[PDB]
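These notes are about the structure you will find just below.
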Amino acid sequence: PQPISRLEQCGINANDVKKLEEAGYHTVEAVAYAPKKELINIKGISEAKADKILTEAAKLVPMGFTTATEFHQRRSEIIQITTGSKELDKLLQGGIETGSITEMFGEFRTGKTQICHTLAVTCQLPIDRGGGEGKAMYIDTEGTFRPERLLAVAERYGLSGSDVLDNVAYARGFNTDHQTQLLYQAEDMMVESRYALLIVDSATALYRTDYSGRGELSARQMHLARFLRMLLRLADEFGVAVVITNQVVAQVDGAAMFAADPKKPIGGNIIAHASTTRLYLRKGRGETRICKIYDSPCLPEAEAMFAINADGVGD
Amino acid sequence: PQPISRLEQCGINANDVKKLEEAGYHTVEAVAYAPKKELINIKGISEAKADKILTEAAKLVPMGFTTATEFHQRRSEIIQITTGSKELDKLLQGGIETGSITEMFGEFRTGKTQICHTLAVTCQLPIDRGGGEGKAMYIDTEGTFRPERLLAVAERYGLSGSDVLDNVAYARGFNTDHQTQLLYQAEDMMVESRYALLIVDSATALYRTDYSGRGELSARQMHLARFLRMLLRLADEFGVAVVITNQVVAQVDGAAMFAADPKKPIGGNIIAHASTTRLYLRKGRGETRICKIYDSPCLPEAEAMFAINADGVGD
Amino acid sequence: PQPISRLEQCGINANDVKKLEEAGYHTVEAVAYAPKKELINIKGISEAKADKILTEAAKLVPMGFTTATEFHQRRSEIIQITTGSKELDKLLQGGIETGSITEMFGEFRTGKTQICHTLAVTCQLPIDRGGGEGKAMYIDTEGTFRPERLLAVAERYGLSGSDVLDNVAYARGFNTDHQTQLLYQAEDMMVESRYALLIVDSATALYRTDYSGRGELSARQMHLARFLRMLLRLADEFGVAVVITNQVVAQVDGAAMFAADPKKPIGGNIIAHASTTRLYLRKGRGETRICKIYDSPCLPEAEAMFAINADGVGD
Ligand SMILES: Nc1ncnc2c1ncn2[C@@H]1O[C@H](COP(=O)(O)OP(=O)(O)NP(=O)(O)O)[C@@H](O)[C@H]1O
Ligand SMILES: Nc1ncnc2c1ncn2[C@@H]1O[C@H](COP(=O)(O)OP(=O)(O)NP(=O)(O)O)[C@@H](O)[C@H]1O
Ligand SMILES: Nc1ncnc2c1ncn2[C@@H]1O[C@H](COP(=O)(O)OP(=O)(O)NP(=O)(O)O)[C@@H](O)[C@H]1O
Ligand SMILES: [Mg+2]
Ligand SMILES: [Mg+2]
Ligand SMILES: [Mg+2]
Ligand SMILES: [Mg+2]
């Protein structure tokens, strides 16, 4: 979370720092995580200044061989924010892991925003209470925030509804460029504080609605790859749990029977590879719904029944 | 909800603003919520000028990060329509939301046009403690307008006649192109007049013969996705309760119904997702059509009967 | 395998040695394998114009007529690293042998990087067993370096998890120069001990035109050619095995093609002839995935049945 200004005092001229700040770079770790040509292609001064600023940034940040001994040791501090249901939390090995993209998707009324609200609430719980003790974020691309649901959720854990609402940041995503710019703002908006959770509800709704077509608007895949890359950059530099959610699309080929039903996630492989944890939700009966692990390099696929009660997710 | 009154003189000349006005955007908010692609695609618009007017429109509005307490301060004045049935007020919980898209659907003879006309009449009057004297927009394609049951129904409301008749705007599209293309004229029309509701009735009835068959499906679902995203933008801009009613299609597969719900709503995952609440309707006995909460971000799952008779909705 | 330490202060002094070490080439064979244009173009201080010593130092390179019997006997008892599944080891006569490039690709659910961790863990197994008896490297820009993979696979073959912890030199970084520099000090940690594996797993992404229209160059093709160039030069010099993983891109068969195999590799012709062994991963019913070969000089087309469980990969 070290800012750009920390680079300035270590033998860096103010022009480069101010250009970096204006361009949307707020963390020296992010610069050390940035491609050389990307930093070069800003104004023109950084073109000849890259060979010095990159070394100045890397002299502090350890980017050599973070051996698996150190990686496992730093894996201990991973919060694994709770889910809301004991079944979901246990099936997720203690809950939703932090520092990674943990996209979930499903058909309508699968509880995507319900789990989003429960996460935005329970990430503020103390560490022993199933949370990161952090301040939540929420980037909704449709407006279904429903903060009254947050208040109702806040009652179950005994946390006061007075501060769980002021401990949540909100932002309306209106297009793809708005998504990227809001993420840029969130970069310097969580830099000073401990934020344990980042929400983007329907990270792909605007991609699907705006970049519509084949070929005519299939630069969307490069755009979405860039966006998911920036989410992973944030989740690495800050340790924040990115919990973007995704919609689904139908299989219309001659067959009717398919793996995981005709309903398969949208985005293609740009979003499938750049998504470490992937949960597929379906509809059961009444409140009950079933969760299945679609893609995760650490979990076995199974079923966990979570019911959308009067206070979020639980049983 | 602020029309184009400052874009024409925001340093940027009024000429490219005229191009924007004729190309589809008639307000500051729609451009601010717009991405760069839709405007660079416009003829006569350069990339740099597009970036300039995008930054201008963005800095015009907040489009940023606000605390959820401010969102509640915005939520306390949600102008929900006054639903005609008391038990319906106890299930819809105040009527119909302000930022939303309602999808009340069901088979033939299930009371989906009376709700359209009663929701058109209501909120034009400051009764039931419902302020915000607004209008209605009956945008019909199936042929369920009937502007005589419309005027002869303001009896329980008791609001005289022909003022509702001139207080409702009506357009009768026939193809899916018309229903989407008239939304621009709708917004350009009530950008200056306060509207509390926009009804497009059987909007998904057009996506049944207009783009007919498999192999013509992808274009149809793309068109519907753009139509619904445009609804989202209108609702998030003007803050109105926009209403769609959905047809049904049988499921001739013979499986996964167990003699229950042998009918799915027309439209696929394109519509199931971009709809805040959806209300299943099934016809009971005599004139008591029944209801159910298919989904809603906050409203709980609850079956609830209702009834129909002359003058429209009721107990 | 290692520099013979004879050219220091002999034709090229230690100062010029550092001048050439600026751009890698620490083993004498590595310097000899470099074009003279690059060696004469390093820095103003590092002109090194009179640098023909690398050619007269032909005693180090194995150039010359060497009996094919020596090659046959050296690779007859070659080190093969098993995948943990007998059927996988039966589709292939090892084919993982140390000293070539092993590329895999497939859909997301099939376990592209699942077997990479397994091979890295079992790479420590003795020579007569299915491993190189070393501390295999690893680089993962994707970030999917989950530790339970390392521990469970070690437990599968009856091994301590602490050994595999410090037996893998993980690294991480988004920028491409990061990967290149990692491969630059890859020699500097090649020198001291024996590992016989240099997995690089994920390939770094890049950012392209965000506001400036659509379509662009990348130079990724020559970057990937150079990257695989260091890969195979390291493999040949050190007698080590190089492993990469490849994303899958579909829609290539959308031009009136029967689309039997629409999932095409990324990388064009650069990935094709810079690679010797290529493998295809196909998703099966649940955990029952099937392994395939695109093209190998000494392999037919074979399929095997393999599964993934809690303790690694196996049936
Ligand atoms: N208080 C409550 N009591 C019982 N059930 C509830 C309650 N609140 C919500 N639900 C149910 O839980 C569902 C969750 O839906 P939601 O979380 O919006 O799904 P989604 O897939 O995110 N929505 P969309 O993608 O727009 O179709 C609701 O639609 C109701 O069916
Ligand atoms: N404990 C486990 N038991 C069984 N299967 C598992 C287990 N952990 C992971 N898997 C499977 O491994 C799959 C992912 O394999 P992985 O090696 O991560 O593929 P990848 O293509 O590298 N992933 P991505 O980068 O998201 O495209 C999951 O979707 C599961 O099917
Ligand atoms: N006893 C009655 N006398 C007169 N009208 C009645 C009576 N009972 C119900 N209705 C009418 O029934 C209507 C309910 O809508 P519905 O019968 O579904 O219309 P529709 O035109 O068939 N709908 P759709 O084809 O789905 O657009 C109301 O508008 C009432 O006016
Ligand atoms: Mg949901
Ligand atoms: Mg009707
Ligand atoms: Mg693998
Ligand atoms: Mg071959």
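Here, each number is a calculation from the coordinates, and none is a lab measurement. Neighbour counts are summed over all protein chains in view; Cβ atoms, including those assigned to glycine, are modelled from backbone coordinates with ideal geometry.
When you check A:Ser202 against the structure, is it within 16 Å of the chain's Cα centre (by Cα), within 12 Å of chain B (Cβ to nearest Cβ), closer than 17 Å to A:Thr102 by Cα and surrounded by 23 or more Cβ atoms within 10 Å (Cβ to Cβ), yes or no? Yes.
When A:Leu183, A:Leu232 are checked against the criterion of being in contact with a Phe, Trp or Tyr (Cβ under 9 Å, 6 or more places away or on another chain) and farther than 26 Å from A:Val164 by Cα, a single residue qualifies: A:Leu232. Summed over the range A:144-160, the residues that are in contact with a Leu (Cβ under 7 Å, 6 or more places away or on another chain) and within 10 Å of chain B (Cβ to nearest Cβ) give a count of 3.
The residues of the range B:61-97 that are charged (D, E, K, R) and more than 10 Å from chain A (Cβ to nearest Cβ), listed by number, are B:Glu77, B:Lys86, B:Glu87, B:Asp89, B:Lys90. Applying a threshold of 7 Å to beta carbon distances and a minimum spacing of six or more residues, or different chains, the list of pairs starting in the range B:9-21 at a residue that is at positive phi and basic (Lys, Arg) and ending at one that is exposed (fewer than 15 other Cβ atoms within 10 Å of the Cβ) and part of a helix (DSSP H, G or I) is empty.
Condition check: part of a helix (DSSP H, G or I) and either within 7 Å of another protein chain (Cβ to nearest Cβ) or farther than 21 Å from A:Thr245 by Cβ (or both). Does A:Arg194 satisfy that?
no
Please tell me if B:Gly173 is assigned to a loop (DSSP other than H, G, I, E, B), under 23 Å from B:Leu234 (Cβ atoms) and either without any contact (Cβ under 8 Å) to a residue 40 or more places away in the chain or among the basic types (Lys, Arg) (or both). So B:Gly173 passes the test. Of the residues in the range C:46-60, none is β-branched (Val, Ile, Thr) and closer than 22 Å to C:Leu183 by Cα. Scanning the range A:125-165 for residues that are of a type in the set (S, T, N, Q) and either within 16 Å of ligand 6 (Cβ to nearest atom) or surrounded by fewer than 24 Cβ atoms within 10 Å (Cβ to Cβ) (or both) yields A:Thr144, A:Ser160, A:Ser162. Selection of the range C:67-81 for residues being outside any helix (DSSP H, G or I) and surrounded by 10 or more Cβ atoms within 10 Å (Cβ to Cβ) yields C:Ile78, C:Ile79, C:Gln80, C:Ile81. Looking at the range B:1-60, the helices (runs of 4 or more DSSP H) lying wholly inside it that each contain 2 or more residues that are more than 21 Å from C:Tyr211 (Cβ to Cβ) and more than 14 Å from every other protein chain (Cβ to nearest Cβ) sit at B:14-23. Residues that are over 30 Å from B:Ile4 (Cα atoms) and either within 16 Å of ligand 1 (Cβ to nearest atom) or more than 9 Å from every other protein chain (Cβ to nearest Cβ) (or both) do not occur anywhere in the range B:223-235.
Among the residues making up the range A:288-315, a single one is aromatic (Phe, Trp, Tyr) and under 23 Å from C:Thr288 (Cβ atoms): A:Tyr294.
How many of the residues making up the range C:272-300 are within 11 Å of ligand 7 (Cβ to nearest atom) and among the charged types (D, E, K, R)?
Looking only at that region, the number is 2.
Let's see how each residue does on (1) under 18 Å from the mean Cα position of the chain (by Cα); (2) over 21 Å from A:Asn246 (Cβ atoms):
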residue: A:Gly95; (1), (2): yes, no
residue: A:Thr110; (1), (2): no, no
residue: A:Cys116; (1), (2): yes, no
residue: A:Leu159; (1), (2): no, yes
residue: A:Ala169; (1), (2): yes, yes
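B:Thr55 fulfils the conditions (1) within 18 Å of B:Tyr33 (Cα to Cα); (2) of a type in the set (S, T, N, Q); (3) surrounded by 19 or more Cβ atoms within 10 Å (Cβ to Cβ) except for a single criterion, (3). When C:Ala250, C:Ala241 are screened for being within 16 Å of ligand 6 (Cβ to nearest atom) and out of contact with any strand residue (DSSP E or B) (no Cβ under 6 Å at 6 or more places or on another chain), only C:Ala241 passes. Pairs meeting the criteria (first residue in the range C:36-60 and in contact (Cβ under 8 Å) with a residue 40 or more places away in the chain, second residue part of a loop (DSSP other than H, G, I, E, B), beta carbons under 7 Å, at least 6 apart or on different chains) are C:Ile53/C:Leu7; C:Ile53/C:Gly11; C:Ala57/C:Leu7; C:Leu60/C:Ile4. In the range B:211-222, the residues that are within 11 Å of chain A (Cβ to nearest Cβ) form Cβ pairs under 9 Å with partners that are of a type in the set (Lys, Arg) and exposed (fewer than 15 other Cβ atoms within 10 Å of the Cβ), at six or more places apart or across chains, as follows: B:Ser218/A:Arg214.
Can you name every residue in the range A:236-255 that is closer than 30 Å to A:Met190 by Cα, hydrophobic (A, V, I, L, M, F, W, C), assigned to a strand (DSSP E or B) and more than 12 Å from chain C (Cβ to nearest Cβ)?
A:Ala241
Pairs linking a residue in the range A:126-142 that is within 16 Å of A:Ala169 (Cβ to Cβ) to a residue that is outside any loop (DSSP other than H, G, I, E, B) and among the acidic types (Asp, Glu), with Cβ atoms under 6 Å and 6 or more positions apart or on different chains, are A:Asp140/A:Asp201. A:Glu155 meets all of the listed conditions (1) free of Cβ contacts under 8 Å to residues at least 24 places away in the same chain; (2) out of contact with any helix residue (DSSP H, G or I) (no Cβ under 8 Å at 6 or more places or on another chain) but one, namely (1).
Residues checked against (1) closer than 30 Å to A:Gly131 by Cβ; (2) over 18 Å from the mean Cα position of the chain (by Cα):
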| residue | (1), (2) |
| --- | --- |
| A:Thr245 | yes, no |
| A:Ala250 | no, yes |
| A:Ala255 | no, yes |
| A:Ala272 | yes, no |
| A:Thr276 | yes, no |
| A:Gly284 | yes, yes |
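Residues that are of a type in the set (A, V, I, L, M) and more than 17 Å from the chain's Cα centre (by Cα) were ranked within the range B:120-156; the one that is farthest from ligand 5 (Cβ to nearest atom) is B:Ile127. Only residues that are in a strand (DSSP E or B), buried (at least 17 other Cβ atoms within 10 Å of the Cβ) and of a type in the set (A, V, I, L, M) were counted in the range C:256-315, giving 7. Return yes when A:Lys264 is out of contact with any helix residue (DSSP H, G or I) (no Cβ under 6 Å at 6 or more places or on another chain) and in contact (Cβ under 8 Å) with a residue 60 or more places away in the chain and no when it is not. For A:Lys264, the condition - out of contact with any helix residue (DSSP H, G or I) (no Cβ under 6 Å at 6 or more places or on another chain) and in contact (Cβ under 8 Å) with a residue 60 or more places away in the chain - is not met. Based on what the data block shows, is A:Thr55 within 16 Å of ligand 1 (Cβ to nearest atom) and over 27 Å from A:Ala225 (Cβ atoms)? No, not satisfied.
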